[PDB]
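Remarks on the structure that follows.
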Amino acid sequence: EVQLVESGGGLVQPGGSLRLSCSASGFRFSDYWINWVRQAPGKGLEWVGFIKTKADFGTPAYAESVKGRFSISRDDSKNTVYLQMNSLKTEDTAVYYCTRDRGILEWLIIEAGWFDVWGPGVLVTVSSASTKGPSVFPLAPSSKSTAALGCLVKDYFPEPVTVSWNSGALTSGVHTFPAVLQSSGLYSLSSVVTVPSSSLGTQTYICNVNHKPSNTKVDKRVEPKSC
Amino acid sequence: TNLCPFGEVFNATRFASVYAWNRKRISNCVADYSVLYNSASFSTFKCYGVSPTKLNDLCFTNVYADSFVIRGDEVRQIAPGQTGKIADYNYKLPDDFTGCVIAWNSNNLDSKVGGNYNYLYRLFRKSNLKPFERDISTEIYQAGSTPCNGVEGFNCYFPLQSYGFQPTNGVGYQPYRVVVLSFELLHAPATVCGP
Amino acid sequence: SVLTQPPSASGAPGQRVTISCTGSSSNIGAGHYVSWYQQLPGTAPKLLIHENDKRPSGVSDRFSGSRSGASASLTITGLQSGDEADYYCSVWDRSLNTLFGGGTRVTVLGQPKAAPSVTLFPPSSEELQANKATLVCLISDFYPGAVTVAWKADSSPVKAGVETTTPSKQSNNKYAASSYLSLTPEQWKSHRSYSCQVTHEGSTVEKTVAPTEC
Ligand SMILES: *[C@@H]1O[C@H](CO)[C@@H](O[C@@H]2O[C@H](CO)[C@@H](O[C@@H]3O[C@H](CO)[C@@H](O)[C@H](O)[C@@H]3O)[C@H](O)[C@H]2NC(C)=O)[C@H](O)[C@H]1NC(C)=O
């Protein structure tokens, strides 16, 4: 069972430092180049860096977004590659993977190579968020005709938050979208209901946001505004 | 004194074929391998028998640069204890080789439309090459029991074959320029040292 | 250079599906063997193809790879419900080193393709009084669940302050998501309009709002 295992992750403050370690099991660790590749939550795979072997003339190469902040080193006596992260930013929150480069072993040319063994990955979250109340703003409709009313819940913490309309009286047409994860660590979401245009003059529409984790209750009307 | 003249070996306009690899003696100069490493973007820079960290601190009697052109997937054969057509009939390294092998892609220089047939390699030979042996013989190779008598018939093959380097091919078949540095340390004043 | 990959590739059970990876002459047009990797939901990537053609032992032979010019193709024959995953292609470049593709989400069609219904909102005056402004684009009722987002101020693209969510399954097996483009009130008043453009299955649906809609 050839294995690569990463460790040393978790929650770091914006600007802090953290060292991840990747340990091998079951192969000649001094003969392979080692690559660090990260993946943001719900995004693609981004190559972070790589390090060569002992008998190779060169120095580790990094990505332009982390050059001067990240360091990659290795210890062959302990079979462990270290990734040191300093001056961490909120943009660095991701799952990090440690892998090895075959093909470079067989062909010995940078143009040919591939990754055959991958580690489970280690999560790193960079945030300074705390329990905070949301900001609720109504969203009035244009002449886009029925009409679409909405209300926006921005910059809240933590998950989750509940939103209703007309104290639960209005349910037909209500659609609440999943929250977004901002780089600041706070969340945001929007709720939209489709209502008849003729009823807009007589019936009143109010959205009620109840953030339980902060003792927050906000009730706001959707009023068509002008200049 | 003065920097070692690596320019005429690496920057040279023409490179020899693998079966007629060129050799250059370098001595009486200081070698800065960091400058050589950063002078370009090489595809392979691998040092055998000597640590690369302790490279600008050593001294040697002489250094020898061997230059030639091969194809991509043959670069693995330029190493101690390797087998294959190139490692047996064209260029051989000893098991205890001490030095550094450098190789870089040269498609923009050694690839022509319709193929480049100016580069040859030895295909048939009666016996393997000794380490650092150079063979330029063109005698007809005898394959069968019948004698050849130096006549190009069948069972009488010409020992050299063309590569035919073509640009659009994958990197495995593309021409690569290879320079091997061998370090000679004898009971003599060391004329090559680091800064 | 981020090699361009289609956001999705669909097919009925048993189809032949193809995924394309387009690169520059610096990476895929210069040989530079391409690699294909597979990522299941919640797992680490797994190598599928190397040297544009070779299959490691254990990998199913229904996966094939090819290279033409500056593009590469991965073909999956006999589509299975277990092949639903994300696929990436990786190439080396003389300047930017290792590059990965944008990722293709393979879906086995259990329902005919559906187009998104996008609604766009303007920044509310209350938020503007709070010295803030949010745009909010809502995408919904599209199948399969893979779209691409683009924002335009007047007619020029906007990239600063973009947050794109993930497609979540709806009650009727279709997909929905949202995007947010926050900006300062000065930027809002310096542009005649703002447009949200979402591409789904090779066709684009877009909406536009203006700060003059009193
Ligand atoms: C093979 O030849 C090329 C040029 O034909 C050599 O490139 C040369 O590299 C040196 C590195 O010290 C350059 O020196 C400095 O370059 C900067 C510009 O980058 C310049 O402003 C300085 O005044 C100084 O010249 C040199 O310029 C550069 N050649 C040219 C024409 O710019 C290369 O080093 C050669 N290879 C070997 C192994 O010697």
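Please note that chains go A, B, ... in the order of the structure tokens, that every chain numbers its residues from 1, and that ligands are numbered from 1 in the order shown.
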
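The residues sitting within 8 Å of ligand 1, with only C-alpha atoms and all ligand atoms considered, come out as residues 5, 6, 7, 8, 9, 10, 11, 35, 36, 39 and 40 of chain B.
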
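Within range 64-205 of chain A, the backbone-based DSSP assignment of alpha helix (DSSP H) covers residues 104, 105, 106 and 107 of chain A.
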
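In this model, the gap between CA of residue 116 in chain A and CA of residue 46 in chain B comes to 22.4 Å.
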
Selection near residue 130 in chain A, 9 Å with only C-alpha atoms, sequence-local residues under 6 positions removed, as a PyMOL selection string: chain A and resi 157-158+185-186

Write out as a compact mmCIF listing (two decimals) with N, CA and C atoms, in the first residue's frame every residue belonging to chain C that has an atom at most 6 Å from any atom of chain A, counting only C-alpha atoms.
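Writing the result to selection15.txt gives the following:
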```txt
# COMPACT_ATOMS: atom_id res chain seq x y z
N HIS C 32 4.75 18.21 -25.36
CA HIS C 32 4.47 18.42 -23.93
C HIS C 32 3.35 17.53 -23.40
N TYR C 33 3.57 16.22 -23.36
CA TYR C 33 2.53 15.23 -23.11
C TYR C 33 1.51 15.68 -22.07
N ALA C 44 -9.90 12.62 -3.71
CA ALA C 44 -8.73 13.17 -4.35
C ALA C 44 -8.69 12.79 -5.83
N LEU C 47 -5.23 9.63 -11.47
CA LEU C 47 -4.67 9.65 -12.82
C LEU C 47 -5.43 8.70 -13.73
N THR C 165 -21.43 30.87 -6.75
CA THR C 165 -21.82 29.74 -5.92
C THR C 165 -21.76 28.45 -6.73
N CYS C 214 -35.63 54.96 -12.76
CA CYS C 214 -36.50 55.56 -11.76
C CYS C 214 -37.97 55.27 -12.06
```

Compile a residue-level contact table for chain A against chain B at a cut-off of 12 Å, reporting for every qualifying residue the shortest atom pair and its distance in Å to one decimal, with only C-alpha atoms counted, rows ordered by chain and ascending number, as CSV.
```
residue,atom,partner,partner_atom,distance
A:31,CA,B:46,CA,11.9
A:52,CA,B:46,CA,10.3
A:53,CA,B:46,CA,9.4
A:54,CA,B:51,CA,7.6
A:55,CA,B:47,CA,5.5
A:56,CA,B:46,CA,4.7
A:57,CA,B:45,CA,5.8
A:58,CA,B:37,CA,7.8
A:59,CA,B:53,CA,10.6
A:103,CA,B:73,CA,10.6
A:104,CA,B:44,CA,9.5
A:105,CA,B:76,CA,8.9
A:106,CA,B:76,CA,6.8
A:107,CA,B:76,CA,5.5
A:108,CA,B:76,CA,6.2
A:109,CA,B:43,CA,5.4
A:110,CA,B:43,CA,5.4
A:111,CA,B:171,CA,7.0
A:112,CA,B:171,CA,7.7
A:113,CA,B:171,CA,11.4
```

Next, the residues of the selection above should be written as a short mmCIF file (atom, residue, chain, number, x, y, z; two decimals), in the first residue's frame with N, CA, C and O atoms.
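Result went into part36.cif, see below:
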```
data_model
loop_
_atom_site.label_atom_id
_atom_site.label_comp_id
_atom_site.auth_asym_id
_atom_site.auth_seq_id
_atom_site.Cartn_x
_atom_site.Cartn_y
_atom_site.Cartn_z
N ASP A 31 13.95 9.64 -4.83
CA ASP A 31 14.10 9.56 -6.28
C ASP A 31 12.98 10.26 -7.04
O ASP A 31 13.02 10.29 -8.27
N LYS A 52 12.51 19.25 -6.46
CA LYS A 52 13.23 18.19 -7.14
C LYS A 52 13.93 17.29 -6.12
O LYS A 52 13.68 17.37 -4.92
N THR A 53 14.83 16.44 -6.60
CA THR A 53 15.55 15.51 -5.75
C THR A 53 16.90 16.09 -5.33
O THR A 53 17.24 17.23 -5.64
N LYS A 54 17.68 15.29 -4.61
CA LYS A 54 18.96 15.76 -4.10
C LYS A 54 19.97 15.97 -5.23
O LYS A 54 20.68 16.98 -5.25
N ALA A 55 20.04 15.03 -6.17
CA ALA A 55 21.05 15.05 -7.22
C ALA A 55 20.65 15.92 -8.41
O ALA A 55 21.25 15.78 -9.48
N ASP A 56 19.67 16.79 -8.25
CA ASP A 56 19.21 17.67 -9.31
C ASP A 56 19.63 19.10 -9.00
O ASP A 56 19.36 19.61 -7.91
N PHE A 57 20.29 19.75 -9.96
CA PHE A 57 20.67 21.14 -9.81
C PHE A 57 19.44 22.02 -9.98
O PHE A 57 18.83 22.04 -11.05
N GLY A 58 19.08 22.75 -8.94
CA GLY A 58 17.94 23.64 -9.01
C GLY A 58 17.38 23.92 -7.64
O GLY A 58 17.83 23.38 -6.63
N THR A 59 16.37 24.78 -7.63
CA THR A 59 15.67 25.19 -6.43
C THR A 59 14.17 25.03 -6.65
O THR A 59 13.71 25.02 -7.79
N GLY A 103 7.25 9.69 -14.59
CA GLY A 103 7.56 10.21 -15.92
C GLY A 103 8.83 11.02 -15.92
O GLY A 103 9.70 10.80 -16.76
N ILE A 104 8.95 11.96 -14.98
CA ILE A 104 10.25 12.58 -14.72
C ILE A 104 11.25 11.54 -14.26
O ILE A 104 12.45 11.63 -14.54
N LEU A 105 10.77 10.53 -13.52
CA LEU A 105 11.65 9.43 -13.12
C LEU A 105 12.08 8.59 -14.32
O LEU A 105 13.24 8.18 -14.40
N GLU A 106 11.16 8.32 -15.24
CA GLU A 106 11.46 7.46 -16.38
C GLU A 106 12.10 8.20 -17.54
O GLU A 106 13.08 7.71 -18.13
N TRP A 107 11.58 9.37 -17.91
CA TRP A 107 12.05 10.09 -19.08
C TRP A 107 13.07 11.18 -18.76
O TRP A 107 13.84 11.56 -19.65
N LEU A 108 13.10 11.67 -17.52
CA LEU A 108 14.10 12.63 -17.05
C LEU A 108 14.07 13.93 -17.85
O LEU A 108 15.09 14.61 -17.99
N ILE A 109 12.91 14.30 -18.38
CA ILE A 109 12.73 15.56 -19.10
C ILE A 109 11.47 16.23 -18.58
O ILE A 109 10.45 15.56 -18.35
N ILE A 110 11.53 17.55 -18.40
CA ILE A 110 10.42 18.28 -17.82
C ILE A 110 9.18 18.26 -18.71
O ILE A 110 8.06 18.42 -18.22
N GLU A 111 9.36 18.04 -20.02
CA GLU A 111 8.22 18.09 -20.93
C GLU A 111 7.31 16.88 -20.76
O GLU A 111 6.11 16.96 -21.08
N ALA A 112 7.83 15.77 -20.26
CA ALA A 112 7.05 14.56 -20.03
C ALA A 112 6.95 14.30 -18.53
O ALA A 112 7.97 14.26 -17.84
N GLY A 113 5.73 14.13 -18.05
CA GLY A 113 5.53 13.86 -16.64
C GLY A 113 4.05 13.79 -16.32
O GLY A 113 3.21 14.30 -17.06
#
```

Contacts of range 211-221 of chain A at 7 Å (only C-alpha atoms; same-chain gap of 4+ positions) as an MDAnalysis selection string: chainID A and resid 131:133 138 161:162 205:207

Chain C residues near chain B (12 Å cut-off, only C-alpha atoms) as a PyMOL selection string: chain C and resi 25+27-34+51-53+66-70+92-95+97

Near residue 65 in chain C, within 7 Å and counting only C-alpha atoms, which residues show up once chain neighbours fewer than 2 positions away are dropped, as a PDB file with C-alpha atoms, in the first residue's frame?
```pdb
ATOM      1  CA  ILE C  49      -4.300   9.181 -18.966  1.00  0.00           C
ATOM      2  CA  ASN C  52      -1.817  11.601 -24.230  1.00  0.00           C
ATOM      3  CA  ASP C  53      -2.333   7.925 -25.026  1.00  0.00           C
ATOM      4  CA  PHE C  63     -11.133   5.806 -21.663  1.00  0.00           C
ATOM      5  CA  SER C  73      -9.432  14.852 -26.471  1.00  0.00           C
ATOM      6  CA  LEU C  74     -10.538  12.330 -23.845  1.00  0.00           C
ATOM      7  CA  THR C  75     -13.189   9.861 -25.025  1.00  0.00           C
TER       8      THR C  75
END
```

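Atom to atom, CA of residue 57 in chain B and CA of residue 32 in chain A stand 26.7 Å apart.
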
Those in range 103-197 of chain A with strand (DSSP E or B) from DSSP, as a count of residues only: 45

Name all residues at most 10 Å from residue 122 in chain A (count only C-alpha atoms; drop same-chain ones fewer than 4 positions away) and give them as a PDB file with N, CA, C and O atoms, in the first residue's frame.
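File result00.pdb, as written:
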```
ATOM      1  N   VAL A   5       0.565  10.952   2.862  1.00  0.00           N
ATOM      2  CA  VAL A   5      -0.380  11.496   3.832  1.00  0.00           C
ATOM      3  C   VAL A   5       0.072  12.888   4.249  1.00  0.00           C
ATOM      4  O   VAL A   5       1.228  13.079   4.639  1.00  0.00           O
ATOM      5  N   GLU A   6      -0.843  13.853   4.178  1.00  0.00           N
ATOM      6  CA  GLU A   6      -0.582  15.215   4.620  1.00  0.00           C
ATOM      7  C   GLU A   6      -1.201  15.454   5.993  1.00  0.00           C
ATOM      8  O   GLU A   6      -2.179  14.807   6.377  1.00  0.00           O
ATOM      9  N   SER A   7      -0.615  16.392   6.732  1.00  0.00           N
ATOM     10  CA  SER A   7      -1.084  16.703   8.075  1.00  0.00           C
ATOM     11  C   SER A   7      -0.629  18.103   8.461  1.00  0.00           C
ATOM     12  O   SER A   7       0.328  18.646   7.899  1.00  0.00           O
ATOM     13  N   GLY A   8      -1.335  18.681   9.433  1.00  0.00           N
ATOM     14  CA  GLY A   8      -0.964  19.969   9.985  1.00  0.00           C
ATOM     15  C   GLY A   8      -1.831  21.132   9.545  1.00  0.00           C
ATOM     16  O   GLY A   8      -1.371  22.277   9.523  1.00  0.00           O
ATOM     17  N   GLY A   9      -3.090  20.859   9.198  1.00  0.00           N
ATOM     18  CA  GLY A   9      -3.997  21.876   8.713  1.00  0.00           C
ATOM     19  C   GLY A   9      -4.973  22.356   9.774  1.00  0.00           C
ATOM     20  O   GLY A   9      -4.867  22.037  10.959  1.00  0.00           O
ATOM     21  N   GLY A  10      -5.947  23.144   9.322  1.00  0.00           N
ATOM     22  CA  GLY A  10      -6.936  23.697  10.227  1.00  0.00           C
ATOM     23  C   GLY A  10      -7.226  25.169  10.010  1.00  0.00           C
ATOM     24  O   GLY A  10      -7.170  25.659   8.879  1.00  0.00           O
ATOM     25  N   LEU A  20       2.559  22.583   6.790  1.00  0.00           N
ATOM     26  CA  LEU A  20       1.974  21.307   6.409  1.00  0.00           C
ATOM     27  C   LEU A  20       3.088  20.310   6.122  1.00  0.00           C
ATOM     28  O   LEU A  20       4.113  20.664   5.533  1.00  0.00           O
ATOM     29  N   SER A  21       2.887  19.064   6.540  1.00  0.00           N
ATOM     30  CA  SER A  21       3.872  18.015   6.324  1.00  0.00           C
ATOM     31  C   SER A  21       3.246  16.876   5.534  1.00  0.00           C
ATOM     32  O   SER A  21       2.107  16.480   5.794  1.00  0.00           O
ATOM     33  N   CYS A  22       3.997  16.347   4.572  1.00  0.00           N
ATOM     34  CA  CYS A  22       3.551  15.236   3.744  1.00  0.00           C
ATOM     35  C   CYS A  22       4.554  14.102   3.888  1.00  0.00           C
ATOM     36  O   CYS A  22       5.726  14.259   3.530  1.00  0.00           O
ATOM     37  N   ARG A  38      -3.234  22.759  -4.819  1.00  0.00           N
ATOM     38  CA  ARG A  38      -4.362  23.113  -3.970  1.00  0.00           C
ATOM     39  C   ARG A  38      -5.635  23.276  -4.790  1.00  0.00           C
ATOM     40  O   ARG A  38      -5.606  23.420  -6.016  1.00  0.00           O
ATOM     41  N   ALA A  94      -8.197  26.507   1.265  1.00  0.00           N
ATOM     42  CA  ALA A  94      -8.326  25.484   0.234  1.00  0.00           C
ATOM     43  C   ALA A  94      -7.940  24.129   0.813  1.00  0.00           C
ATOM     44  O   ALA A  94      -7.476  24.021   1.952  1.00  0.00           O
ATOM     45  N   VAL A  95      -8.146  23.091   0.004  1.00  0.00           N
ATOM     46  CA  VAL A  95      -7.680  21.742   0.298  1.00  0.00           C
ATOM     47  C   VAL A  95      -6.371  21.532  -0.447  1.00  0.00           C
ATOM     48  O   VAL A  95      -6.306  21.716  -1.669  1.00  0.00           O
ATOM     49  N   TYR A  96      -5.328  21.156   0.281  1.00  0.00           N
ATOM     50  CA  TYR A  96      -3.999  20.985  -0.283  1.00  0.00           C
ATOM     51  C   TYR A  96      -3.697  19.504  -0.459  1.00  0.00           C
ATOM     52  O   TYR A  96      -4.028  18.685   0.403  1.00  0.00           O
ATOM     53  N   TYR A  97      -3.067  19.170  -1.583  1.00  0.00           N
ATOM     54  CA  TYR A  97      -2.737  17.803  -1.951  1.00  0.00           C
ATOM     55  C   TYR A  97      -1.243  17.695  -2.214  1.00  0.00           C
ATOM     56  O   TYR A  97      -0.646  18.573  -2.852  1.00  0.00           O
ATOM     57  N   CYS A  98      -0.657  16.603  -1.734  1.00  0.00           N
ATOM     58  CA  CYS A  98       0.749  16.280  -1.935  1.00  0.00           C
ATOM     59  C   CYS A  98       0.847  15.082  -2.867  1.00  0.00           C
ATOM     60  O   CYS A  98       0.215  14.049  -2.620  1.00  0.00           O
TER      61      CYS A  98
END
```

Selection: 12 Å around residue 137 in chain C, only C-alpha atoms, excl. self and same-chain fewer than 4 positions, as a PyMOL selection string: (chain A and resi 150+152+177+180+189-192) or (chain C and resi 116-123+149-151+162-165+176-182+194-198+205-209)

Restricted to C-alpha atoms, what would the selected residues look like written as a tab-separated table (two decimals), in the first residue's frame?
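That gives us part-v1.tsv:
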```tsv
chain	number	residue	atom	x	y	z
A	150	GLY	CA	-36.98	39.90	-3.21
A	152	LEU	CA	-31.17	40.18	0.39
A	177	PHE	CA	-31.20	30.39	-2.98
A	180	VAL	CA	-22.53	32.26	-0.89
A	189	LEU	CA	-28.14	34.83	0.28
A	190	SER	CA	-31.24	36.18	-1.46
A	191	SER	CA	-34.90	35.17	-1.48
A	192	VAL	CA	-37.27	35.87	-4.37
C	116	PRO	CA	-31.58	28.76	-17.16
C	117	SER	CA	-34.09	31.42	-16.12
C	118	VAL	CA	-31.99	34.36	-14.92
C	119	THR	CA	-33.30	37.31	-12.91
C	120	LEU	CA	-31.11	40.37	-12.26
C	121	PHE	CA	-31.53	43.00	-9.55
C	122	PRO	CA	-30.10	46.50	-9.10
C	123	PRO	CA	-28.33	47.77	-5.97
C	149	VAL	CA	-20.80	33.46	-15.26
C	150	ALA	CA	-19.62	36.75	-16.75
C	151	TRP	CA	-20.27	40.34	-15.68
C	162	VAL	CA	-17.10	38.30	-8.20
C	163	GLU	CA	-18.52	35.51	-6.02
C	164	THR	CA	-19.90	32.43	-7.79
C	165	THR	CA	-21.82	29.74	-5.92
C	176	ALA	CA	-29.91	26.61	-9.50
C	177	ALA	CA	-27.11	28.90	-8.34
C	178	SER	CA	-26.28	32.55	-7.74
C	179	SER	CA	-23.51	35.09	-8.28
C	180	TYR	CA	-22.72	38.35	-6.52
C	181	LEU	CA	-20.79	41.36	-7.85
C	182	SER	CA	-20.32	44.01	-5.18
C	194	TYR	CA	-24.59	46.47	-15.82
C	195	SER	CA	-25.19	43.10	-17.46
C	196	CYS	CA	-25.07	39.51	-16.19
C	197	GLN	CA	-24.30	36.87	-18.84
C	198	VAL	CA	-24.59	33.14	-18.08
C	205	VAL	CA	-28.71	34.05	-21.47
C	206	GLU	CA	-28.11	37.59	-20.28
C	207	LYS	CA	-29.91	40.39	-18.44
C	208	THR	CA	-29.19	44.09	-17.95
C	209	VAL	CA	-30.09	46.77	-15.39
```

Selected residue of minimal separation from residue 32 in chain B among B:58, B:188, B:133, B:85, counting only C-alpha atoms: B:58

Nearest to residue 142 in chain C, chosen from C:72, C:12, C:115, C:160, with only C-alpha atoms counted in the distances: C:115
